[PDB]
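Be aware that the sequence shown starts at 4, since it is given in the UniProt record's numbering, and climbs by one per residue.
To keep things clear, I will list the structure first and then write my remarks on it.
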Amino acid sequence: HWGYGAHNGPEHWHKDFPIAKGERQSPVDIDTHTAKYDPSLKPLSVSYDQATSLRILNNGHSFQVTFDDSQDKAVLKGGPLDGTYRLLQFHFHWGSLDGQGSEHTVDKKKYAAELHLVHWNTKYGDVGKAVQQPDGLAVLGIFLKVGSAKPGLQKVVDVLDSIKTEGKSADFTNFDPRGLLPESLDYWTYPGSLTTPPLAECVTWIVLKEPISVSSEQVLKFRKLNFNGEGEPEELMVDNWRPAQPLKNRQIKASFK
Ligand SMILES: CCN[C@H]1CN(CCCOC)S(=O)(=O)c2sc(S(N)(=O)=O)cc21
Ligand SMILES: [Zn+2]
């Protein structure tokens, strides 16, 4: 099935998911000189104080931390959004080398990794319905650069040994996602899609301007995960990013001048 290899990677996805060649695909390159400052955009409101994390799992494409989304406990509002979006999960994309790994780029610059916090619009009642709507999901994207360690990420890094291979999961309670946010919440926003199959065009992207720093030791631990299941030939989980797609008839807006 689909993946990130020579024979099943992003250049092949359109054969099973024709919307890969659609009009609002992600990720995109953010051209900072062509983005438009929009003073009508509100500040983001991130309310994560009551977040309840549940599990961490290797899904064969990335690793994911899942949250209890059965009530409004961890929500995103404001910015370009109408209504309330509940945090469902976060995951990362990363590279084999420090100079690649992010999905979005900024003036063609690639970061070492990209963190996606995935939220769904509560008016649609469940995430399955939300993915069928043009305003169903909001994904907060945060770039990672290599430098100083991020203390709030260490709890994640320390459990990765226990989910090395596809299909492994572990209890992961009491994790506070506020520890992954940068100082500033200034952002770019544009209408886009999931960056993995099914590539649904249901996402309002909110990409933060300020990267977080993580240490080389932290990102090295990501690169030791496996795409394969236990008992299969080892293939390291690296370069699980989709390249930038055509902007087409979209404008990227910025919350800041
Ligand atoms: C390996 C599958 N990853 C998909 C899963 N989901 C898709 C199915 C939900 O249907 C019920 S998801 O909405 O949690 C989401 S968000 C992104 S991204 N990279 O942020 O655009 C990928 C995904
Ligand atoms: Zn993602």
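Beta carbons are placed, not taken as given, at the ideal position from N, Cα and C, and that holds for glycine.
Who does residue i pair with in a DSSP beta bridge?
i: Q92; result: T69, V121
i: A257; result: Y40, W191
i: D174; result: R58
i: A141; result: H122, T207
i: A116; result: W97, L147
i: residue 266; result: Here the chain has residues from 4 to 260 only, and residue 266 is not among them.
What I want to know is whether the C-beta of residue i ends up closer than 7 Å to one or more non-hydrogen atoms of ligand 2.
i: residue 261; result: In the structure as shown, the chain starts at 4 and stops at 260, and residue 261 therefore has no counterpart that could be examined.
i: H94; result: yes
Whole-angstrom Cβ separation of residue i and residue j, contact assumed at under 8 Å?
i: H107; j: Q67; result: Between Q67 and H107 the Cβ distance is about 19 Å, and since that is not below 8 Å, they are no contact.
i: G144; j: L211; result: 7 Å
i: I209; j: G82; result: 6 Å
i: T69; j: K80; result: Actually they do not touch by this definition, with Cβ atoms about 21 Å apart.
Measuring alpha carbon to alpha carbon, tell me which residue in the options is nearest residue i.
i: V149; options: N61, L163, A77, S216; result: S216
i: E235; options: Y127, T207, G63; result: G63
i: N11; options: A247, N243, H122, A257; result: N243
i: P137; options: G81, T207, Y40; result: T207
i: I33; options: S43, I59, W191; result: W191
i: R245; options: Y193, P201, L60; result: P201
i: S165; options: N229, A152, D85; result: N229
Closer than 7 Å to a non-hydrogen atom of ligand 1 - does that hold for the CB of residue i?
i: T199; result: yes
i: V31; result: no
i: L140; result: yes
i: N62; result: yes
i: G104; result: no
i: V206; result: yes
Is there a Cβ from chain D that is less than 8 Å from the Cβ of residue i?
i: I59; result: As a matter of chain content, chain D is missing from the structure shown, which is built from one protein chain.
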